[PDB]
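Each remark here refers to the structure printed beneath this line.
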Amino acid sequence: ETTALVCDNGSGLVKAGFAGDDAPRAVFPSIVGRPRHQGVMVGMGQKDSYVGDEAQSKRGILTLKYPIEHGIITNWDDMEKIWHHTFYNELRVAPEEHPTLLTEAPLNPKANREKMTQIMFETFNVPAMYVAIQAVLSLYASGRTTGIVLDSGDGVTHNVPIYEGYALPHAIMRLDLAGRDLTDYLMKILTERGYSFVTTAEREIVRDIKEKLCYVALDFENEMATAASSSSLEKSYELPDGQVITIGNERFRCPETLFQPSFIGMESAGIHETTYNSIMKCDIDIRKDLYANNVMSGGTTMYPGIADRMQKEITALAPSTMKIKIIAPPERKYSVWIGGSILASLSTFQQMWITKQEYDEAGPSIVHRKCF
Amino acid sequence: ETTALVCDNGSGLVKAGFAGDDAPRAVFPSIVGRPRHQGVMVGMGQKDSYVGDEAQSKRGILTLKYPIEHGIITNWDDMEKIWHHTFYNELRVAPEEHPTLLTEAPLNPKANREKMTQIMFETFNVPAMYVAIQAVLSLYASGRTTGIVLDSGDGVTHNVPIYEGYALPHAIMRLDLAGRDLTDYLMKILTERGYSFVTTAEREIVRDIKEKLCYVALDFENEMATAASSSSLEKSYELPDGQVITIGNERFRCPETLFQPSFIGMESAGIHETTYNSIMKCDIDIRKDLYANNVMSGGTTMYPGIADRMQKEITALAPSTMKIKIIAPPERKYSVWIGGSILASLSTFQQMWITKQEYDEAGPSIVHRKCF
Amino acid sequence: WXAXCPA
Amino acid sequence: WXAXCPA
Amino acid sequence: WXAXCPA
Amino acid sequence: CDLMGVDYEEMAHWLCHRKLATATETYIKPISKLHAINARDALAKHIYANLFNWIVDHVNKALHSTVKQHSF
Ligand SMILES: Nc1ncnc2c1ncn2[C@@H]1O[C@H](COP(=O)(O)OP(=O)(O)O)[C@@H](O)[C@H]1O
Ligand SMILES: Nc1ncnc2c1ncn2[C@@H]1O[C@H](COP(=O)(O)OP(=O)(O)O)[C@@H](O)[C@H]1O
Ligand SMILES: [Mg+2]
Ligand SMILES: [Mg+2]
């Protein structure tokens, strides 16, 4: 058989591969670079624009644009370059051969799916397509049918409660805190220690400081006192040029804004209170199964100690006879792709695809008809 | 094909030849001599003025003018004589036959290119012309696409950072220390030992003492103490008339003013600190590649030990995890010409020439439009 | 500054 | 987005 | 030059 | 060098360096291992192409006849 593609556009990373594989063939940043300086040498083989690992490699010459932000595609001519690179250069497969599966954050604009569909059939000429809610796929990955899923990548965070494969749309919470807003906060706070980062090519440095050094405090105000009193907590990092920077009590302050969006001036409650309020909107027969199956998903949940901090601060809210368990598998950065990889391999699914014969009759609005 | 001429006017030397050659056909000093005494014999075949190797040969009778100083052409009626000599007498080729390529220091006055262009099309009637930044050609010569180039001839010194053939104009440093100001310093310092040199015809002697005897100290104040305490360092030179002079601790003091322009009363920092500051103006992603590819270029970098002194005193500034390499090929006095010789031979370049049909439409200002 | 720039 | 936020 | 230096 | 009757030190020097010369001056410049391998293989291709043209010239000498060729 022709296996289908699974392509988790996400934001910030593209994850792609064939259904039935256990990890993606292609993981590269969803970033398009254009050169800003004057090219002076002649015969250099100048190239209009760079995608992914190239734009990361040459980033010092480039201006880097993400075409997707908050799970919304904001520039289609970039995004189509990213798909073109994914199919032809990175997977080295012609998409006209076999179906494609795409993933989207819930509750985002209706036109985004119509444009994705129109591009997939018109330019890439895919034989059939489907789009699937990421947080649903995270359950397929973690091997469950009853869950509440905190799925948090770059761009967007959302909670979806699912009971025995019935989703509860009225209870779906979406929040726009994400790895990119922890990064922009880490930029505005590192400045306290004099370090400075003003360009995209070094926003990509701060993005990797955040990944290695940052961690989540099990209780915030005592570690704030500790690392204000003893320097033993602070750690140091070599910038690309060889300068050494040092980061102390800061390296737990940026991921803790997930629990206090007030630090960046948002009104809304952190991931713990939005998780609890999402459970509270569910009807009371299912709350015990939701409290047991809290599933972490996506990369922004990778910070050390976010599991124990969640279990603590939800147990501070839950009724004390209940039992609260946070399921944080180590693969979890890929779980949306793994779930889509198994979903697309199910023989039952093969009916679900939007085929081109349907699209040519109904137009791109068919998605709202046949998808979720 | 008609090969193009490459004519690196420089200052002090003219280097000229055909594109695709590996060394210039013509290397002669860019010097015009006029006779100052009364000519007494009759029928001698007296001649108004001499160019190049003639004015060097007869220099005792002449006043010698350089028409170019600090990479600016200051007398066009001299310079056009020098070009006339280059094409017709030294290469023995009519410039109306095939294109010509010319080289210029960066950041010098805008009108210099307009005058060069106007003279090349109007009087010499060249079919096509181009002007190229010297420090760019030194990379073509040294076989690199990523570099920072310390290019230092007579007249002018400059640093140009180039990353993968993108130049970084905001980081271009230009400095007016040069072989001519080391020469005028060597004149004002030799007076310490009583020797005296007051005329151009013996400025041309001091210019050759500087070339043979001078060298750069790896650390200045210990060699200053050594050669003040032990005479073992001093060396002797025969003037043209047969007088012997002797030079001691002096012979390292004049080239060391490249590193301490205070000795001649300039404010600015030496070539090492201007190189480092030029790297610092570059963005932090590329600095490791700039630090690795430091390229020496031009004749004033020929002093023995200038490579090791540069590597020392930049390593004193660079972050200690970096690696610092100074690339000082032995040809380097010619590398700007070799680079222009390969540049002009590239088939891709043939579009780049300013053709006369373009110039006749746009006027001499077309250079700023179509050149770098 | 201490890193990103000269101050 | 189109109104509330910038995307 | 034209101002600062002599050329 | 034992086969070809050449000084070991000359081949060992010239394989790893190349000579630039202007009319006044000449420089012996080292070259990368890549350029050294390209140079060695270009020398082998040149020795071969010349040996081929020489064998073909001895063939022609054995095949020629003294009579003036009117046409062919
Ligand atoms: N190990 C990690 N620890 C902390 N943050 C991470 C880690 N890996 C990635 N991130 C951050 O999370 C975001 C990437 O999450 P990801 O799940 O790849 O996004 P998506 O799946 O939506 O494409 C980025 O902002 C990145 O900086
Ligand atoms: N071998 C050498 N050692 C030291 N100084 C030199 C040497 N050759 C030339 N110079 C000096 O450097 C200047 C010539 O540099 P050059 O690169 O020929 O100038 P340009 O390339 O601008 O014509 C003169 O001042 C000359 O005295
Ligand atoms: Mg994700
Ligand atoms: Mg020069």
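Here's how to read the names in the structure tokens: chain A, B, ... by the order shown, residue numbers from 1 in each chain, ligand numbers from 1 in the order shown.
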
*Residues within 7 Å of ligand 1 should be enumerated using only C-alpha atoms and all ligand atoms and returned as number ranges by chain.*
A: 9-14, 152-155, 178-180, 183, 207-208, 210-212, 298-303, 333

_I'd like the contact shell of residue 331 in chain B - 9 Å cut-off, only C-alpha atoms, skipping same-chain residues fewer than 6 positions apart - returned as a count of residues only._
5

_Counting only C-alpha atoms, the residue of B:203, B:287, B:281, B:188 that sits nearest chain C_ = B:281

*Using only C-alpha atoms, which residues sit within 8 Å of residue 7 in chain D once same-chain residues fewer than 4 positions away are excluded, as a VMD selection string?*
(chain A and resid 69 to 70 72 74) or (chain D and resid 1 to 2)

*Which of range 1-57 of chain F counts as helix (DSSP H, G or I) under DSSP, as a ChimeraX atom specification please?*
/F:8-16,33-57

Export of the given selection (N, CA, C and O atoms) as a compact mmCIF listing (two decimals), in the first residue's frame:
# COMPACT_ATOMS: atom_id res chain seq x y z
N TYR F 8 64.74 12.11 -5.52
CA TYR F 8 63.64 12.01 -4.56
C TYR F 8 63.28 13.35 -3.95
O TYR F 8 62.10 13.67 -3.76
N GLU F 9 64.29 14.16 -3.61
CA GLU F 9 64.03 15.43 -2.93
C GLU F 9 63.38 16.46 -3.84
O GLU F 9 62.54 17.24 -3.38
N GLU F 10 63.63 16.39 -5.15
CA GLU F 10 62.94 17.29 -6.07
C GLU F 10 61.47 16.93 -6.21
O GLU F 10 60.61 17.81 -6.16
N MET F 11 61.17 15.65 -6.43
CA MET F 11 59.76 15.27 -6.52
C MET F 11 59.04 15.55 -5.20
O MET F 11 57.93 16.09 -5.20
N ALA F 12 59.66 15.19 -4.08
CA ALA F 12 59.04 15.44 -2.78
C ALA F 12 58.80 16.92 -2.52
O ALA F 12 57.83 17.29 -1.86
N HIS F 13 59.68 17.80 -3.02
CA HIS F 13 59.46 19.23 -2.87
C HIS F 13 58.36 19.73 -3.79
O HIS F 13 57.41 20.39 -3.34
N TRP F 14 58.47 19.44 -5.09
CA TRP F 14 57.56 20.03 -6.06
C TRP F 14 56.15 19.46 -6.01
O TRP F 14 55.20 20.14 -6.40
N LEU F 15 55.98 18.21 -5.56
CA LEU F 15 54.62 17.72 -5.37
C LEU F 15 53.86 18.52 -4.32
O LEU F 15 52.64 18.67 -4.43
N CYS F 16 54.54 19.04 -3.31
CA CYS F 16 53.86 19.67 -2.18
C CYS F 16 53.87 21.20 -2.24
O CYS F 16 53.24 21.84 -1.40
N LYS F 33 46.44 19.56 0.71
CA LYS F 33 46.44 18.15 0.32
C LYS F 33 45.47 17.89 -0.83
O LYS F 33 45.75 17.06 -1.70
N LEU F 34 44.35 18.62 -0.86
CA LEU F 34 43.42 18.51 -1.98
C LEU F 34 44.09 18.95 -3.28
O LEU F 34 44.02 18.25 -4.30
N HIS F 35 44.71 20.13 -3.28
CA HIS F 35 45.39 20.60 -4.47
C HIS F 35 46.56 19.69 -4.85
O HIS F 35 46.84 19.50 -6.03
N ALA F 36 47.23 19.10 -3.85
CA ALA F 36 48.31 18.16 -4.15
C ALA F 36 47.80 16.91 -4.85
O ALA F 36 48.44 16.41 -5.78
N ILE F 37 46.63 16.42 -4.44
CA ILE F 37 46.06 15.24 -5.08
C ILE F 37 45.56 15.56 -6.48
O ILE F 37 45.79 14.79 -7.43
N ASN F 38 44.91 16.71 -6.65
CA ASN F 38 44.53 17.15 -7.99
C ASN F 38 45.74 17.34 -8.90
O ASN F 38 45.69 17.00 -10.08
N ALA F 39 46.87 17.79 -8.34
CA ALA F 39 48.06 18.00 -9.16
C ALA F 39 48.68 16.67 -9.57
O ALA F 39 49.08 16.49 -10.73
N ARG F 40 48.83 15.76 -8.62
CA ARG F 40 49.34 14.43 -8.93
C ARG F 40 48.50 13.75 -10.01
O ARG F 40 49.04 13.20 -10.98
N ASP F 41 47.17 13.77 -9.85
CA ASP F 41 46.32 13.12 -10.85
C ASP F 41 46.30 13.85 -12.19
O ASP F 41 46.20 13.20 -13.24
N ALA F 42 46.53 15.17 -12.21
CA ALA F 42 46.69 15.86 -13.48
C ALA F 42 48.01 15.50 -14.16
O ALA F 42 48.07 15.35 -15.38
N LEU F 43 49.06 15.30 -13.37
CA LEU F 43 50.33 14.88 -13.95
C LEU F 43 50.22 13.48 -14.55
O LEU F 43 50.76 13.22 -15.63
N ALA F 44 49.54 12.57 -13.84
CA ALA F 44 49.34 11.23 -14.39
C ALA F 44 48.51 11.25 -15.67
O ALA F 44 48.85 10.57 -16.65
N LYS F 45 47.46 12.08 -15.72
CA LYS F 45 46.68 12.20 -16.95
C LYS F 45 47.49 12.83 -18.09
O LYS F 45 47.29 12.47 -19.26
N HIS F 46 48.48 13.65 -17.76
CA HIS F 46 49.25 14.30 -18.81
C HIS F 46 50.32 13.37 -19.37
O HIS F 46 50.51 13.28 -20.59
N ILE F 47 50.99 12.64 -18.48
CA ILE F 47 51.91 11.59 -18.90
C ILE F 47 51.21 10.58 -19.79
O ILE F 47 51.73 10.18 -20.84
N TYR F 48 49.99 10.17 -19.40
CA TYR F 48 49.27 9.21 -20.22
C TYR F 48 48.92 9.77 -21.60
O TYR F 48 49.13 9.11 -22.62
N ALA F 49 48.30 10.96 -21.64
CA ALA F 49 47.92 11.52 -22.94
C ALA F 49 49.11 11.72 -23.87
O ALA F 49 49.02 11.46 -25.08
N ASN F 50 50.27 12.09 -23.32
CA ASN F 50 51.46 12.20 -24.16
C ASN F 50 51.97 10.84 -24.63
O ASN F 50 52.36 10.69 -25.79
N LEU F 51 51.99 9.84 -23.74
CA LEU F 51 52.42 8.51 -24.16
C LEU F 51 51.54 7.98 -25.28
O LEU F 51 52.02 7.35 -26.23
N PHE F 52 50.22 8.20 -25.17
CA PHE F 52 49.29 7.85 -26.23
C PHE F 52 49.64 8.53 -27.55
O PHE F 52 49.70 7.88 -28.60
N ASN F 53 49.87 9.85 -27.51
CA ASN F 53 50.21 10.54 -28.76
C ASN F 53 51.54 10.08 -29.34
O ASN F 53 51.71 10.07 -30.57
N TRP F 54 52.43 9.56 -28.50
CA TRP F 54 53.72 9.08 -28.99
C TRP F 54 53.58 7.72 -29.65
O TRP F 54 54.16 7.47 -30.72
N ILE F 55 52.85 6.81 -29.01
CA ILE F 55 52.59 5.51 -29.63
C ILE F 55 51.88 5.70 -30.97
O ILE F 55 52.20 5.02 -31.96
N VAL F 56 50.93 6.63 -31.04
CA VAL F 56 50.27 6.91 -32.32
C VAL F 56 51.22 7.53 -33.35
O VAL F 56 51.09 7.26 -34.55
N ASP F 57 52.24 8.27 -32.91
CA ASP F 57 53.19 8.78 -33.89
C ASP F 57 54.12 7.69 -34.42
O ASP F 57 54.48 7.71 -35.60

List every residue of chain A that has an atom at most 8 Å from any atom of chain B, and for each one report the closest atom pair and its distance in Å to one decimal, counting only C-alpha atoms, with rows sorted by chain and then by increasing residue number, as JSON lines.
{"residue": "A:37", "atom": "CA", "partner": "B:166", "partner_atom": "CA", "distance": 6.3}
{"residue": "A:38", "atom": "CA", "partner": "B:166", "partner_atom": "CA", "distance": 5.9}
{"residue": "A:39", "atom": "CA", "partner": "B:166", "partner_atom": "CA", "distance": 4.3}
{"residue": "A:40", "atom": "CA", "partner": "B:166", "partner_atom": "CA", "distance": 5.6}
{"residue": "A:41", "atom": "CA", "partner": "B:165", "partner_atom": "CA", "distance": 4.9}
{"residue": "A:42", "atom": "CA", "partner": "B:349", "partner_atom": "CA", "distance": 6.8}
{"residue": "A:43", "atom": "CA", "partner": "B:348", "partner_atom": "CA", "distance": 5.9}
{"residue": "A:44", "atom": "CA", "partner": "B:165", "partner_atom": "CA", "distance": 6.7}
{"residue": "A:59", "atom": "CA", "partner": "B:285", "partner_atom": "CA", "distance": 7.4}
{"residue": "A:60", "atom": "CA", "partner": "B:285", "partner_atom": "CA", "distance": 5.2}
{"residue": "A:61", "atom": "CA", "partner": "B:166", "partner_atom": "CA", "distance": 7.7}
{"residue": "A:201", "atom": "CA", "partner": "B:285", "partner_atom": "CA", "distance": 7.4}
{"residue": "A:202", "atom": "CA", "partner": "B:285", "partner_atom": "CA", "distance": 7.9}
{"residue": "A:240", "atom": "CA", "partner": "B:285", "partner_atom": "CA", "distance": 6.3}
{"residue": "A:241", "atom": "CA", "partner": "B:284", "partner_atom": "CA", "distance": 5.9}
{"residue": "A:242", "atom": "CA", "partner": "B:321", "partner_atom": "CA", "distance": 5.5}
{"residue": "A:243", "atom": "CA", "partner": "B:319", "partner_atom": "CA", "distance": 6.2}

_chain B residues near chain E (12 Å cut-off, only C-alpha atoms) as a PyMOL selection string_ = chain B and resi 66-75+107-112+155-156+175-176+266

Output of the above residues as a PDB file, in the first residue's frame, restricted to C-alpha atoms:
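Written output follows (again-v1.pdb):
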ATOM      1  CA  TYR B  66      53.119  60.508  -6.548  1.00  0.00           C
ATOM      2  CA  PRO B  67      49.765  61.379  -8.168  1.00  0.00           C
ATOM      3  CA  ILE B  68      47.883  59.103  -5.741  1.00  0.00           C
ATOM      4  CA  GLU B  69      48.004  59.661  -1.995  1.00  0.00           C
ATOM      5  CA  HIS B  70      45.824  57.952   0.589  1.00  0.00           C
ATOM      6  CA  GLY B  71      44.184  56.066  -2.254  1.00  0.00           C
ATOM      7  CA  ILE B  72      42.880  59.333  -3.714  1.00  0.00           C
ATOM      8  CA  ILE B  73      44.071  60.506  -7.121  1.00  0.00           C
ATOM      9  CA  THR B  74      45.249  64.083  -6.571  1.00  0.00           C
ATOM     10  CA  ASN B  75      46.648  64.947 -10.024  1.00  0.00           C
ATOM     11  CA  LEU B 107      35.012  54.255   1.427  1.00  0.00           C
ATOM     12  CA  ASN B 108      37.109  56.777  -0.561  1.00  0.00           C
ATOM     13  CA  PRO B 109      35.584  59.817  -2.318  1.00  0.00           C
ATOM     14  CA  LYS B 110      32.682  59.181  -4.687  1.00  0.00           C
ATOM     15  CA  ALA B 111      34.091  61.449  -7.434  1.00  0.00           C
ATOM     16  CA  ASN B 112      37.272  59.371  -7.833  1.00  0.00           C
ATOM     17  CA  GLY B 155      48.461  55.217   1.092  1.00  0.00           C
ATOM     18  CA  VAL B 156      45.674  53.388   2.945  1.00  0.00           C
ATOM     19  CA  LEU B 175      42.777  53.775   8.339  1.00  0.00           C
ATOM     20  CA  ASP B 176      45.338  56.126   6.798  1.00  0.00           C
ATOM     21  CA  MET B 266      47.257  59.927  15.445  1.00  0.00           C
TER      22      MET B 266
END

*Could you pull the residues within 12 Å of residue 189 in chain A, counting only C-alpha atoms, minus those fewer than 2 positions along the same chain, as a list in words?*
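In the requested form, the answer reads residues 182, 183, 184, 185, 186, 187, 191, 192, 193, 194, 195, 196, 197, 206, 210, 247, 248, 249, 250, 251, 252, 253, 254, 257, 263 and 264 of chain A.
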
Per residue of chain B within 10 Å of chain F, which atom pair is closest and at what distance in Å (one decimal), using only C-alpha atoms, listed by chain and increasing number, as a Markdown table?
| residue | atom | partner | partner_atom | distance |
| --- | --- | --- | --- | --- |
| B:22 | CA | F:20 | CA | 7.4 |
| B:23 | CA | F:22 | CA | 5.5 |
| B:24 | CA | F:22 | CA | 6.6 |
| B:25 | CA | F:22 | CA | 7.4 |
| B:26 | CA | F:23 | CA | 8.5 |
| B:27 | CA | F:24 | CA | 8.6 |
| B:329 | CA | F:29 | CA | 7.7 |
| B:330 | CA | F:27 | CA | 6.8 |
| B:331 | CA | F:27 | CA | 6.7 |
| B:334 | CA | F:22 | CA | 9.7 |

For the selection you just gave me, I'd like the residues written to a file as an mmCIF file, in the first residue's frame, keeping N, CA, C and O atoms.
data_model
loop_
_atom_site.group_PDB
_atom_site.id
_atom_site.type_symbol
_atom_site.label_atom_id
_atom_site.label_comp_id
_atom_site.auth_asym_id
_atom_site.auth_seq_id
_atom_site.Cartn_x
_atom_site.Cartn_y
_atom_site.Cartn_z
ATOM 1 N N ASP B 22 48.841 34.464 -13.960
ATOM 2 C CA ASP B 22 49.057 34.219 -12.542
ATOM 3 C C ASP B 22 49.991 35.228 -11.890
ATOM 4 O O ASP B 22 50.147 35.197 -10.665
ATOM 5 N N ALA B 23 50.615 36.112 -12.665
ATOM 6 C CA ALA B 23 51.307 37.257 -12.097
ATOM 7 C C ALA B 23 51.333 38.377 -13.124
ATOM 8 O O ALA B 23 51.256 38.111 -14.328
ATOM 9 N N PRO B 24 51.424 39.631 -12.684
ATOM 10 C CA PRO B 24 51.303 40.755 -13.617
ATOM 11 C C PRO B 24 52.476 40.860 -14.579
ATOM 12 O O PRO B 24 53.621 40.550 -14.245
ATOM 13 N N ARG B 25 52.166 41.312 -15.797
ATOM 14 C CA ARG B 25 53.199 41.615 -16.781
ATOM 15 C C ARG B 25 54.026 42.824 -16.375
ATOM 16 O O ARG B 25 55.213 42.904 -16.706
ATOM 17 N N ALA B 26 53.418 43.769 -15.662
ATOM 18 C CA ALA B 26 53.981 45.094 -15.451
ATOM 19 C C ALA B 26 53.890 45.458 -13.982
ATOM 20 O O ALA B 26 52.789 45.553 -13.433
ATOM 21 N N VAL B 27 55.042 45.668 -13.348
ATOM 22 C CA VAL B 27 55.112 46.170 -11.980
ATOM 23 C C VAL B 27 56.156 47.276 -11.954
ATOM 24 O O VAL B 27 57.357 47.004 -12.060
ATOM 25 N N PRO B 329 49.944 34.654 3.214
ATOM 26 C CA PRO B 329 50.625 33.937 2.144
ATOM 27 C C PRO B 329 51.782 34.755 1.613
ATOM 28 O O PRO B 329 51.780 35.996 1.710
ATOM 29 N N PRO B 330 52.813 34.113 1.054
ATOM 30 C CA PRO B 330 54.007 34.881 0.678
ATOM 31 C C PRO B 330 53.777 35.765 -0.533
ATOM 32 O O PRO B 330 54.449 36.793 -0.676
ATOM 33 N N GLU B 331 52.842 35.396 -1.407
ATOM 34 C CA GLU B 331 52.465 36.218 -2.549
ATOM 35 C C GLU B 331 51.748 37.504 -2.161
ATOM 36 O O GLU B 331 51.525 38.344 -3.038
ATOM 37 N N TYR B 334 50.824 40.655 -3.992
ATOM 38 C CA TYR B 334 50.139 40.631 -5.279
ATOM 39 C C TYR B 334 48.699 40.138 -5.215
ATOM 40 O O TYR B 334 48.033 40.090 -6.254
#

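Once residue 151 in chain A and its same-chain neighbours fewer than 2 positions away are set aside, residues 135, 149, 157, 158, 297 and 298 of chain A remain within 6 Å of it when counting only C-alpha atoms.
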
Please save N, CA, C and O atoms of the selected residues as a short mmCIF file (atom, residue, chain, number, x, y, z; two decimals), in the first residue's frame.
data_model
loop_
_atom_site.label_atom_id
_atom_site.label_comp_id
_atom_site.auth_asym_id
_atom_site.auth_seq_id
_atom_site.Cartn_x
_atom_site.Cartn_y
_atom_site.Cartn_z
N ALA A 135 -4.35 17.62 20.30
CA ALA A 135 -4.60 17.05 21.62
C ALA A 135 -5.34 15.72 21.55
O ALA A 135 -5.24 14.93 22.49
N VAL A 149 -5.92 16.73 28.36
CA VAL A 149 -4.64 16.85 27.70
C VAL A 149 -4.21 18.30 27.74
O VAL A 149 -4.90 19.18 27.21
N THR A 157 -1.15 26.93 23.63
CA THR A 157 -1.46 25.91 24.63
C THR A 157 -2.97 25.68 24.62
O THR A 157 -3.74 26.63 24.49
N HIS A 158 -3.40 24.43 24.77
CA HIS A 158 -4.83 24.18 24.95
C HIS A 158 -5.07 22.94 25.81
O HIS A 158 -4.25 22.02 25.84
N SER A 297 1.64 17.11 27.16
CA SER A 297 2.00 16.92 25.77
C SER A 297 2.66 18.18 25.22
O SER A 297 2.36 19.30 25.66
N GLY A 298 3.57 17.99 24.28
CA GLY A 298 4.24 19.09 23.62
C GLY A 298 5.43 19.64 24.39
O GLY A 298 5.61 19.40 25.58
#
